[PDB]
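Chemist: Protein chains in written order, with the deposited numbering: chain A, 1 to 214, 223 to 301; chain B, 1 to 206, 223 to 301.
Using N, Cα and C, we set each Cβ at its ideal position, and we do this for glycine too.
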Ligand SMILES: [Cl-]
Ligand SMILES: [Cl-]
Ligand SMILES: [Cl-]
Ligand SMILES: [Cl-]
Ligand code: NA
């Protein structure tokens with residue numbers, strides 16, 4: 001039997017790249033998949049006939065699995081709600097939400113346009129928040145009604161969100177919001193049987209989506233196995249974790265810690281802080297450097 | 001001679017609370033201060049006669065300092081650009097940007113409305129990014145022209161951003177974006193003589225340890241000439257306490273050297289988690 005046999009999984013941005021790899025990986029392990037992607041079909045509507053979402057659905061069905069396309073824009077709060085309903089209406093419920101949809105608009109902070117900031121924040125951080133909001137309310141409602149909940153949220157952060165990435169300020173901020181939102185979700189939703197975790201694919205993992213296809225450590229398919237496992241019944245005791253992944257590597261990211269402290273026990277004179285700050289900083293753990301520095 | 005004597009500083013949300021404490025603290029150490037606050041004056045427009053901003057400006061002058069009120073909403077991109085320009089047109093330059101403006105609209109994630117998400121993200125994260133973007137484009141300009149730059153950005157993160165805070169997922173996400181933005185800003189802006197740091201005032205911050229005035233001295237120091245070699249840091253502050261927050265670290269790792277089978281990952285993940293450092297808990301959990 002598959003690792004997620006019978007489970008209903010939504011994957012956002014699943015028309016290509018890593019999201020496509022997750023969709024195929026889940027279906028291969030017995031899940032019924034909602035392939036969510038805004039890419040338009042021949043008629044210019046999201047996820048319709050001729051779309052990337054439908055192409056992935058056809059791959060799944062040709063392999064003997066079950067899937068449906070959905071064109072919700074997760075940055076649109078109401079369409080994110082409708083995405084949860086697509087799963088419930090089509091397949092009878094929802095077990096796993098995989099937040100993957102993203103865009104990049106890479107610029108130095110000093111050269112970032114308003115629209116370039118807004119778009120990256122909206123797709124990544126608002127999109128992840130909106131689906132979490134609506135899926136959690138759904139699962140909480142089942143729990144209130146005495147129903148079975150063993151639900152799973154897997155978010156997509158990045159080393160750029162954890163330690164920063166030069167020339168990717170907007171993207172780094174959004175992925176940082178996603179890492180912390182994962183921590184908070186885990187704390188809030190365990191009450192009604194939902195775990196919340198994140199993966200952070202390496203920057204070298206191949207994440208763009210080319211036309212032609214035919223050990224490659226950087227293949228996006230190498231990221232999905234841990235997502236599928238976290239979406240399984242067996243992963244019920246894992247929550248609030250962030251896993252960095254590439255190829256065959258899995259690394260646990262360890263969160264912000266309390267470093268060196270000093271206490272005056274009174275109000276500091278700003279003039280006296282130089283030696284105080286120098287002392288603290290020499291004693292502090294060296295950080296993981298900003299990516300691209 | 002003041003610690004920030006002559007330095008031109010912007011404090012956002014400086015009409016009350018910690019933002020007010022910052023403004024007064026900089027002025028006391030000789031800085032010329034732009035008091036930014038959107039609170040309306042008697043005529044109903046932001047930062048006019050009778051406003052919170054102007055009130056604070058009056059406090060500064062009467063102690064013998066120099067300050068100007070500014071009404072810009074930093075969540076509005078164009079107004080953030082104009083806030084930078086106000087500093088430059090009024091005092092001829094900018095040395096320090098203190099991003100402080102903030103709101104809370106607390107809700108569990110499952111109950112958060114779109115407006116509760118959008119407003120919190122806009123004020124904190126967009127507000128912070130907007131001012132950094134415009135201040136950096138300005139400092140970058142001066143530097144590419146061979147002019148003097150010894151600039152400072154001090155952002156306001158929170159333990160909510162670092163470890164999360166229950167019932168405050170919106171706020172936590174915004175503050176996390178600010179923490180990492182501080183790291184990226186520090187890496188990018190050092191090229192043109194600008195340091196970028198953040199403070200995270202403690203939960204209990206409002223000898224009165226919880227008094228907002230206790231947070232300001234480190235911000236004043238960070239904005240000083242002496243602080244030229246401090247960048248990319250996040251300091252947790254309360255009363256007489258200063259603590260360095262230590263960033264995300266590399267924990268245990270395993271490498272199959274081939275693609276994992278999802279069915280085999282149970283013991284693999286169990287092993288990794290057994291070796292991983294226990295986190296600082298989510299606030300409010
Ligand atoms: Cl992306
Ligand atoms: Cl650029
Ligand atoms: Cl609530
Ligand atoms: Cl503290
Ligand atoms: Na198998």
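(1) Less than 8 Å separating the Cβ of residue 108 of chain B from some heavy atom of ligand 3?
(2) In three-state DSSP terms, what is residue 129 of chain B?
(3) With contact counted as at least three CB pairs below 8 Å, one residue from each stretch, are the region 109 to 120 of chain B and the region 44 to 58 of chain B in contact?
(4) For residue 153 of chain B, tell me which candidate among B:237, B:206, B:176 and B:161 has the shortest Cα-Cα distance.
(5) Can you pull the chain B neighbours of residue 201 of chain A, defined as C-beta to C-beta under 9 Å?
(6) Count the other C-beta atoms from every protein chain shown that fall within 10 angstroms of the C-beta of residue 151 of chain A, then say buried if there are 16 or more, exposed otherwise.
(7) Helix, strand or coil: which one does DSSP assign to residue 67 of chain A?
(8) Name the residue from A:242, A:60, A:16 and A:45 whose alpha carbon lies nearest to the alpha carbon of residue 30 of chain A.
(9) Only counting the same chain, and skipping five residues up and downstream in sequence, which positions put a Cβ closer than 7 Å to that of residue 249 of chain B?
(10) With respect to the alpha helix (DSSP H) encompassing residue 83 of chain B, which residues constitute its N-terminal and C-terminal limits?
(11) Mapping the DSSP letters down to three states, classify residue 54 of chain A as helix, strand or coil.
(12) By a C-beta neighbour count over all protein chains shown, 10 Å radius and 16 as the cutoff for buried, is residue 45 of chain B buried or exposed?
(13) Check whether the region 125 to 135 of chain B touches the region 257 to 275 of chain B, counting contact only when three or more Cβ pairs, one atom from each stretch, lie closer than 8 Å.
(14) Inspect the beta-carbon positions of residue 104 of chain B and residue 11 of chain B and report whether they are closer than 9 Å.
(15) Interface residues of chain A around residue 269 of chain B at Cβ under 7 Å?
(16) Could you check if residue 5 of chain A belongs to the surroundings of ligand 5, using beta carbon to heavy atom distance under 8 Å?
(17) Please name the residues in the region 134 to 163 of chain A whose beta-carbon is closer than 7 Å to at least one beta-carbon of chain B, in chain order.
(18) Buried or exposed for residue 254 of chain A, please, with buried defined as at least 16 other CB atoms from any protein chain shown within 10 angstroms of its CB.
(19) Could you confirm whether any beta carbon from chain B is found closer than 9 Å to the beta carbon of residue 281 of chain A?
(20) Specify, as a first and last residue, the run of the alpha helix (DSSP H) that residue 351 of chain B falls within.
(21) Closer than 8 Å is the cut-off here; do at least three beta carbon pairs connect the region 138 to 146 of chain A with the region 271 to 283 of chain A?
(22) Just to confirm the assignment, what range does the beta strand (DSSP E) spanning residue 271 of chain A have?
(23) What does the alpha-carbon distance come out to for the pair residue 235 of chain A and residue 19 of chain A?
(24) Taking only the alpha-carbon atoms, compute the straight-line gap between residue 204 of chain A and residue 182 of chain B and give it to the nearest angstrom.
(25) When you check each C-beta in the region 83 to 117 of chain A against every C-beta of chain B, which residues fall closer than 7 Å?
(26) If we cut at 9 Å on Cβ distances, does residue 275 of chain B have a partner in chain A?
(27) Give a yes or no on whether 9 Å exceeds the smallest Cβ distance from residue 79 of chain A to chain B.
(28) Beta-carbon within less than 6 Å of residue 230 of chain A's beta-carbon, same chain only, minus the 5 sequence neighbours each way: which residues are those?
(29) Indicate the three-state DSSP secondary structure (helix, strand or coil) for residue 257 of chain A in the structure shown.
(30) What separation, rounded to the nearest whole angstrom, lies between the Cα atoms of residue 287 of chain B and residue 177 of chain B?
(31) Could you list which residues in chain A have their beta carbon closer than 7 Å to that of residue 180 of chain B, in chain order?
(32) With DSSP as the reference, please indicate the residues paired to residue 168 of chain B in a beta bridge.
(33) Please report the residue range of the alpha helix (DSSP H) in which residue 94 of chain A lies.
(34) Does any residue of chain B have a CB that is nearer than 9 Å to the CB of residue 18 of chain A?
(35) Less than 9 Å separating the beta-carbons of residue 74 of chain A and residue 240 of chain A?
(36) Who are the neighbours of residue 293 of chain A on chain B, taking C-beta pairs under 8 Å?
Modeler: Straight from the coordinates:
(1) What you label residue 108 of chain B is simply residue 108 of the second chain in a count that begins at 1. Yes, ligand 3 has a heavy atom inside 8 Å of this Cβ.
(2) Numbered from its first residue, the second chain carries residue 129 of chain B at position 129. In this structure, DSSP gives residue 129 of chain B a helical state, which the three-state scheme calls helix.
(3) The answer is no - the region 44 to 58 of chain B does not touch the region 109 to 120 of chain B, with fewer than three Cβ pairs under 8 Å.
(4) In the second chain, counting from the first residue as 1, residue 153 of chain B sits at position 153. Sorting B:237, B:206, B:176 and B:161 by C-alpha distance to the C-alpha of residue 153 of chain B places B:237 at the top.
(5) Numbered from its first residue, the first chain carries residue 201 of chain A at position 201. For a Cβ distance threshold of 9 Å, nothing in chain B lies close to residue 201 of chain A: the least Cβ distance comes to about 14 Å.
(6) Here residue 151 of chain A corresponds to residue number 151 of the first chain, with the count starting at 1. Taking all protein chains shown into account, residue 151 of chain A has 16 or more neighbouring C-beta atoms within 10 Å of its C-beta and is therefore buried.
(7) To locate residue 67 of chain A, count along the first chain from 1; it is residue 67. Reduced to three states, the DSSP call for residue 67 of chain A is strand.
(8) Translated into the one-based positions of the first chain, residue 30 of chain A becomes position 30. Looking at the Cα atoms, A:60 is the closest of the given residues.
(9) Along the second chain, read from residue 1 onward, the residue named residue 249 of chain B stands at position 233. Within the same chain, and ignoring the five residues on either side of residue 249 of chain B in sequence, the residues whose Cβ sits closer than 7 Å to its Cβ are 197 and 260.
(10) Taking the first residue of the second chain as 1, we reach residue 83 of chain B at position 83. Following the DSSP letters along the chain, one finds residue 83 of chain B inside the alpha helix (DSSP H) bounded by residues 77 to 91.
(11) The sequence position of residue 54 of chain A within the first chain is 54, counting from 1. In this structure, DSSP gives residue 54 of chain A a helical state, which the three-state scheme calls helix.
(12) On the second chain, position 45 is the one that residue 45 of chain B refers to. With fewer than 16 neighbouring CB atoms inside 10 Å of its own CB, residue 45 of chain B falls in the exposed class.
(13) Touching, no, given that fewer than three Cβ pairs across the two stretches are closer than 8 Å.
(14) What you label residue 104 of chain B is simply residue 104 of the second chain in a count that begins at 1. What you label residue 11 of chain B is simply residue 11 of the second chain in a count that begins at 1. No, the Cβ-Cβ distance between residue 104 of chain B and residue 11 of chain B is not below 9 Å.
(15) Here the question's residue 269 of chain B lines up with position 253 in the second chain. The contacting residues are 257, 258 and 259.
(16) Taking the first residue of the first chain as 1, we reach residue 5 of chain A at position 5. The nearest non-hydrogen atom of ligand 5 is 8 Å or more from the C-beta of residue 5 of chain A.
(17) Taking 7 Å as the Cβ-Cβ cut-off against chain B, the residues of the region 134 to 163 of chain A that qualify are 136, 137, 140, 161, 162 and 163.
(18) For the purposes of this step, residue 254 of chain A is taken as residue 246 along the first chain, with counting starting at 1. Looking at its Cβ environment, which holds 16 or more other Cβ atoms inside 10 Å, residue 254 of chain A is buried.
(19) Along the first chain, one-based indexing puts residue 281 of chain A at 273. Chain B contact via Cβ: present.
(20) Outside the displayed range of chain B (1 to 301) lies residue 351 of chain B, so it cannot be described from this structure.
(21) No, the region 138 to 146 of chain A does not touch the region 271 to 283 of chain A.
(22) Along the first chain, one-based indexing puts residue 271 of chain A at 263. Segment 265 to 271, the beta strand (DSSP E) holding residue 271 of chain A.
(23) Walking along the first chain from the start, residue 235 of chain A turns up at place 227. Walking along the first chain from the start, residue 19 of chain A turns up at place 19. Between the alpha carbons of residue 235 of chain A and residue 19 of chain A lies a gap of roughly 11 Å.
(24) Your numbering for residue 204 of chain A matches position 204 in the first chain. Your numbering for residue 182 of chain B matches position 182 in the second chain. Each residue's alpha carbon lies about 24 Å from the other.
(25) Closer than 7 Å at the C-beta level to chain B, one finds these residues of the region 83 to 117 of chain A: 108, 109, 110, 112, 114 and 117.
(26) Sequence index remark: in the second chain, residue 275 of chain B carries index 259 (1-based). At least one C-beta of chain A is nearer than 9 Å to the C-beta of residue 275 of chain B.
(27) Here the question's residue 79 of chain A lines up with position 79 in the first chain. No, because no Cβ of chain B sits closer than 9 Å to the Cβ of residue 79 of chain A.
(28) Position 222 of the first chain, counted from the start, is the residue given in the question as residue 230 of chain A. Taken in chain order, the residues that qualify are 255.
(29) Walking along the first chain from the start, residue 257 of chain A turns up at place 249. The answer is strand: DSSP assigns residue 257 of chain A an E or B state.
(30) Counting from one through the second chain, the residue named residue 287 of chain B turns up at place 271. Counting from one through the second chain, the residue named residue 177 of chain B turns up at place 177. A straight line joining the alpha-carbon of residue 287 of chain B with that of residue 177 of chain B spans about 31 Å.
(31) Here the question's residue 180 of chain B lines up with position 180 in the second chain. Neighbours of residue 180 of chain B on chain A, chain order: 161, 164, 172, 173 and 176.
(32) Sequence index remark: in the second chain, residue 168 of chain B carries index 168 (1-based). When DSSP reads this structure, residue 168 of chain B sits in a beta bridge with B:107.
(33) For the purposes of this step, residue 94 of chain A is identified with residue 94 of the first chain, where counting begins at 1. Where residue 94 of chain A is concerned, there is no enclosing alpha helix (DSSP H), given that its DSSP letter is neither H nor E.
(34) Start at 1 with the first residue of the first chain, and residue 18 of chain A comes out as number 18. It does not: the Cβ of residue 18 of chain A has no partner Cβ on chain B nearer than 9 Å.
(35) Here residue 74 of chain A refers to the residue found at position 74 of the first chain. Here residue 240 of chain A refers to the residue found at position 232 of the first chain. Residue 240 of chain A sits away from residue 74 of chain A, with the two beta carbons spaced by 9 Å or more.
(36) Taking the first residue of the first chain as position 1, residue 293 of chain A is located at position 285. Under the 8 Å cutoff, chain B gives 262 and 265.
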